[PDB]
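Text of the file entry_11.txt, holding compact mmCIF, C-alpha atoms:
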```
# COMPACT_ATOMS: atom_id res chain seq x y z
CA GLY A 378 -23.97 40.79 -46.10
CA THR A 379 -23.58 40.64 -42.31
CA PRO A 380 -20.52 39.30 -40.38
CA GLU A 381 -22.67 36.97 -38.20
CA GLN A 382 -20.72 35.99 -35.05
CA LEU A 383 -21.00 34.42 -31.56
CA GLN A 384 -19.27 34.43 -28.12
CA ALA A 385 -18.08 31.78 -25.63
CA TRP A 386 -18.29 31.39 -21.83
CA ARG A 387 -16.95 29.00 -19.13
CA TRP A 388 -18.40 26.92 -16.26
CA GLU A 389 -17.39 26.49 -12.61
CA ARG A 390 -16.68 23.28 -10.63
CA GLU A 391 -18.99 20.26 -10.74
CA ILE A 392 -21.91 19.81 -8.30
CA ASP A 393 -21.81 17.77 -5.06
CA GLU A 394 -21.68 13.96 -4.99
CA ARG A 395 -21.17 11.17 -2.40
CA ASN A 396 -17.78 9.46 -2.88
CA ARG A 397 -17.63 5.78 -1.89
CA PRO A 398 -16.49 4.73 1.63
CA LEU A 399 -12.95 3.37 2.35
CA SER A 400 -13.52 0.31 0.12
CA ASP A 401 -10.89 -2.05 -1.32
CA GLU A 402 -10.60 0.08 -4.49
CA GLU A 403 -9.15 3.03 -2.48
CA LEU A 404 -6.08 0.87 -1.81
CA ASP A 405 -5.22 1.22 -5.54
CA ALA A 406 -5.48 5.04 -5.25
CA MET A 407 -3.39 4.99 -2.02
CA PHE A 408 -0.53 2.86 -3.42
CA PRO A 409 2.44 4.62 -5.09
CA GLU A 410 2.94 4.72 -8.85
CA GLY A 411 5.18 2.00 -10.30
CA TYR A 412 4.10 -0.83 -7.96
CA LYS A 413 2.62 -3.86 -9.71
CA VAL A 414 0.30 -6.23 -7.85
CA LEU A 415 1.76 -9.50 -6.44
CA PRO A 416 -0.98 -12.18 -6.67
CA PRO A 417 -0.15 -15.66 -5.24
CA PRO A 418 1.49 -18.27 -7.53
CA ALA A 419 -0.86 -20.53 -9.53
CA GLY A 420 -1.58 -23.94 -7.95
CA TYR A 421 -0.33 -22.78 -4.51
CA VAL A 422 -1.71 -25.21 -1.91
CA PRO A 423 -0.20 -24.57 1.57
CA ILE A 424 -1.08 -26.21 4.91
CA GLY B 7 -2.56 17.11 25.18
CA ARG B 8 -0.49 14.18 23.83
CA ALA B 9 -0.86 11.04 26.01
CA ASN B 10 0.59 7.52 25.44
CA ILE B 11 -1.83 4.78 24.33
CA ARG B 12 -1.05 1.59 22.38
CA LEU B 13 -2.30 1.04 18.79
CA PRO B 14 -1.31 4.61 17.78
CA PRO B 15 -3.21 6.57 15.06
CA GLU B 16 0.11 7.20 13.21
CA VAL B 17 0.08 3.50 12.14
CA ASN B 18 -2.10 1.91 9.40
CA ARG B 19 -2.57 -1.64 8.04
CA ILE B 20 -0.11 -0.63 5.23
CA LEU B 21 3.52 -1.39 6.25
CA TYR B 22 6.49 -0.25 4.09
CA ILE B 23 9.48 -2.62 3.90
CA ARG B 24 12.99 -1.71 2.67
CA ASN B 25 16.12 -3.80 1.83
CA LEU B 26 14.09 -6.59 0.17
CA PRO B 27 16.11 -8.93 -2.10
CA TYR B 28 16.18 -8.07 -5.84
CA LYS B 29 15.29 -11.72 -6.70
CA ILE B 30 12.21 -13.09 -4.93
CA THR B 31 8.91 -14.76 -5.95
CA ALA B 32 5.34 -14.60 -4.66
CA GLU B 33 6.01 -18.12 -3.22
CA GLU B 34 8.56 -16.74 -0.71
CA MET B 35 6.62 -13.52 0.05
CA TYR B 36 3.40 -15.43 0.93
CA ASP B 37 5.45 -17.77 3.23
CA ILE B 38 7.23 -14.82 4.94
CA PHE B 39 4.30 -12.41 5.43
CA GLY B 40 1.81 -15.28 5.95
CA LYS B 41 3.84 -16.50 8.98
CA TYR B 42 1.91 -14.02 11.17
CA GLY B 43 -1.61 -14.66 9.71
CA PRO B 44 -3.69 -13.92 6.57
CA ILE B 45 -2.40 -11.20 4.20
CA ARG B 46 -4.78 -8.68 2.63
CA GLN B 47 -2.77 -7.68 -0.47
CA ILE B 48 0.79 -7.01 -1.72
CA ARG B 49 2.36 -5.01 -4.59
CA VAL B 50 6.10 -4.73 -5.51
CA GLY B 51 8.25 -2.09 -7.21
CA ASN B 52 8.50 -2.66 -11.00
CA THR B 53 10.39 0.53 -12.06
CA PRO B 54 14.20 0.85 -11.65
CA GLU B 55 13.65 3.33 -8.75
CA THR B 56 11.05 1.10 -6.91
CA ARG B 57 12.55 -2.43 -7.14
CA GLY B 58 14.10 -3.50 -3.79
CA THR B 59 11.23 -2.12 -1.61
CA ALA B 60 7.48 -2.87 -1.16
CA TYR B 61 4.39 -2.09 0.96
CA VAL B 62 2.25 -4.91 2.48
CA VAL B 63 -1.41 -4.63 3.58
CA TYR B 64 -2.77 -6.66 6.50
CA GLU B 65 -6.43 -7.50 7.07
CA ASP B 66 -6.46 -5.87 10.54
CA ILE B 67 -4.52 -3.11 12.29
CA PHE B 68 -4.05 -5.26 15.45
CA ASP B 69 -2.20 -8.18 13.78
CA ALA B 70 -0.30 -5.69 11.56
CA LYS B 71 1.11 -3.78 14.57
CA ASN B 72 1.82 -7.07 16.42
CA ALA B 73 4.08 -8.39 13.64
CA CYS B 74 5.43 -4.88 12.82
CA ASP B 75 7.45 -4.92 16.05
CA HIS B 76 8.55 -8.61 15.88
CA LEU B 77 9.76 -8.21 12.24
CA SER B 78 12.02 -5.21 13.03
CA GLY B 79 15.73 -6.17 12.77
CA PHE B 80 14.78 -9.56 11.19
CA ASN B 81 17.77 -10.99 9.22
CA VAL B 82 17.17 -13.02 6.02
CA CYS B 83 19.77 -14.11 3.38
CA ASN B 84 22.34 -12.44 5.75
CA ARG B 85 20.67 -8.96 5.39
CA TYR B 86 18.48 -7.05 7.86
CA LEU B 87 15.11 -5.55 6.85
CA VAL B 88 13.51 -2.19 7.84
CA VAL B 89 9.80 -1.52 8.65
CA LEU B 90 7.95 1.86 8.42
CA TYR B 91 4.29 3.09 8.35
CA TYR B 92 2.13 4.76 5.64
CA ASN B 93 2.15 8.56 6.18
```

Let me see the structure of the file written as structure tokens.
Amino acid sequence: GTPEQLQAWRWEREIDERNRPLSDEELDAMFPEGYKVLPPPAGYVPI
Amino acid sequence: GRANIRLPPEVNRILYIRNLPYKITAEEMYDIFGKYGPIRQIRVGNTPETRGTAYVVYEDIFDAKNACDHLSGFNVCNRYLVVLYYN
């Protein structure tokens, strides 16, 4: 009988990438937490 | 060096507003902020500690700064509003 065993390691940070430009989606990431969107009312027809 | 030039880099298209009424609809907000031109996007506080204040986003930085000044000290429903920039 043999007490067969193993070991474990770790890994460093992820490799490089090319994050998107200052698109519309960054506005979501830049707005504070707890602020819901305010879309216009349905059927709104101004002048 | 720190000179003086208009359209400062400390300002963004995102304008923070304080002292907003607790009861208001999108109908009013689009009529108020749309008075100066097109509006990019708006959000409003929904938590007990956020309600009463909001940040508006304009399509340009030019039109944003133009109205930023003219909306300072504006009185609505017998209360004055306050304008600040995104830091």

Residue hits in chain B, query chain A, radius 6 Å, all atoms listed in the file, as a ChimeraX atom specification: /B:32,48-53

Spatial sel., origin (-3.8, -8.8, 3.8), limit 6 Å, only C-alpha atoms, listed as a ChimeraX atom specification: /B:44-47,63-65

Between CA of residue 58 in chain B and CA of residue 15 in chain B - distance in Å to one decimal: 27.5 Å

d(CA of residue 60 in chain B, CA of residue 403 in chain A) in Å: 17.7 Å

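Between CA of residue 57 in chain B and CA of residue 72 in chain B the interatomic distance comes to 26.3 Å.
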
Given all atoms listed in the file as the counted atoms, nearest of B:93, B:62, B:71, B:54 to residue 13 in chain B: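 Closest candidate: B:71.
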
Nearest to residue 19 in chain B by atom-to-atom distance, counting all atoms listed in the file, from B:74, B:7, B:33, B:88: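 Ranking B:74, B:7, B:33, B:88 by distance to residue 19 in chain B, first place goes to B:74.
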